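**Student:** The data below comprise the sequence and an experimental structure of the protein.
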Amino acid sequence: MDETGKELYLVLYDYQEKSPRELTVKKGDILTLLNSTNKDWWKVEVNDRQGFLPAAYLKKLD
């Protein structure tokens, strides 16, 4: 995706947003991390969109 040098996060499972701030994502999506100040809900970006997701849906790739 667009920007370079970013950590990549894999979405393990589909997630359907429960509020307008949240993201809807599909298994296999690749995300970047915008803000984590807790281990449970993160602000992330996928394909030009930004929103909140539960961190349990994500695996850091390395």
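**Tutor:** Yes, it's here. Residues are numbered from 1 along each chain as shown.

**Student:** Of all residues in the chain, which one is nearest the centre?
**Tutor:** residue 44 (4.2 Å; Cα atoms, centre = their mean).

**Student:** With adjacent residues omitted, what lies nearest to that residue?
**Tutor:** Excluding the flanking residues, the one nearest residue 44 by Cβ to Cβ, 6 or more residues apart in numbering is residue 31, at 4.6 Å. Every residue, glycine included, has its C-beta placed from N, CA and C.

**Student:** Identify each buried residue in whichever helix or strand that neighbour is part of, please.
**Tutor:** Assigned by DSSP states H and E, residue 31 belongs to strand 30-35. By 16 or more other Cβ atoms under 10 Å, the buried positions in strand 30-35 come out as 31, 33.

**Student:** so after that strand, what's the next helix or strand?
**Tutor:** strand 41-46.

**Student:** tell me the angle of the helix or strand just after that following strand relative to strand 41-46?
**Tutor:** Next in sequence after strand 41-46, counting helices and strands by DSSP H and E, comes strand 49-54. Relative orientation of strand 49-54 and strand 41-46, computed by axes from the mean of the first three to the mean of the last three Cα atoms, to 10 degrees: 140 degrees.

**Student:** and strand 49-54, how far out from the chain's middle?
**Tutor:** Computed by Cα atoms, centre = their mean, to the nearest Å, the separation of strand 49-54 from the middle of its chain amounts to 6 Å.

**Student:** can you list contacts of it?
**Tutor:** 15, 17, 19, 21-23, 25, 31, 34, 40-44 (Cβ atoms under 8 Å, 6 or more residues apart in numbering).

**Student:** Show me which of these is closest to residue 59.
**Tutor:** residue 31 (10.3 Å; Cβ to Cβ).
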